[PDB]
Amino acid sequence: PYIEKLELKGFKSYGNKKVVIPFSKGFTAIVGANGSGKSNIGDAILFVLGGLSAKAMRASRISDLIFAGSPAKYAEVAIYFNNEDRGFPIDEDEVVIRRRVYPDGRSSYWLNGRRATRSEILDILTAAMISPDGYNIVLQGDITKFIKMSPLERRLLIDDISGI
């Protein structure tokens, strides 16, 4: 599968109204001045795919992800996957996952327009070979994680890829 677009509402620096962010099936480059909000788009992806670590998304707690210019009633991200390849074990050409977090720290999830649990979301993503923290997601300043990891951690990554 691949990401067709994100929809952000009340998410970090993106304001109170719904922001649509489309991607090429191939190679999309994201450019913009220092501090303009680029990495926050990556954080939207971590968030909607079930990220439980506020710190990974540079927040003290998950509610800190809610837009406050100097706030929103909650933060929400929707991610739209093209699933024509049936990578997701769902008989639909589109798989839409949505996560909303409230000021009290609780999250609601939707899968294809129906309420879902976190584990339900995680399981479908795992089946599709996608996770908030896979080797395929390289956050700012973290490319050398692959050379910093122990030889043992490095082999375990290959265990995973091999499917064993």
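Numbering starts at 1 and runs along the sequence shown.
Residues of the deposited sequence left unbuilt between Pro71 and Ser70: Gap between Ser70 and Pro71: 4 to 9 unmodelled residues.
Looking at the deposited entry, does 41 to 49 or 58 to 66 carry the larger mean Cα B-factor? Higher mean C-alpha B-factor in the PDB entry: 58 to 66.
When the C-alpha temperature factors are averaged for each of 113 to 121 and 128 to 136, which stretch ends up with the higher value in the entry? The stretch with the larger average C-alpha B-factor is 128 to 136.
According to the PDB entry, is the CA B factor of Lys18 in the bottom, middle or top third of its chain, that is, lowest, middle or highest? Tercile = highest for this residue's CA B-factor.
When the modelled residues of the chain are sorted by Cα temperature factor, does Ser108 land in the lowest, middle or highest third? As the PDB entry reports it, the C-alpha B-factor of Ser108 lands in the middle third of its chain.
Where does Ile158 sit by CA temperature factor within its chain: lowest, middle or highest third? It belongs to the middle third of the chain when residues are ordered by C-alpha B-factor.
Pull the Cα B-factor of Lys145 out of the PDB entry and bin it into the chain's lowest, middle or highest third. Middle third by C-alpha B-factor.
Which third, lowest, middle or highest, does the C-alpha temperature factor of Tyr74 belong to within its own chain? Answer is highest: the recorded C-alpha B-factor places it there.
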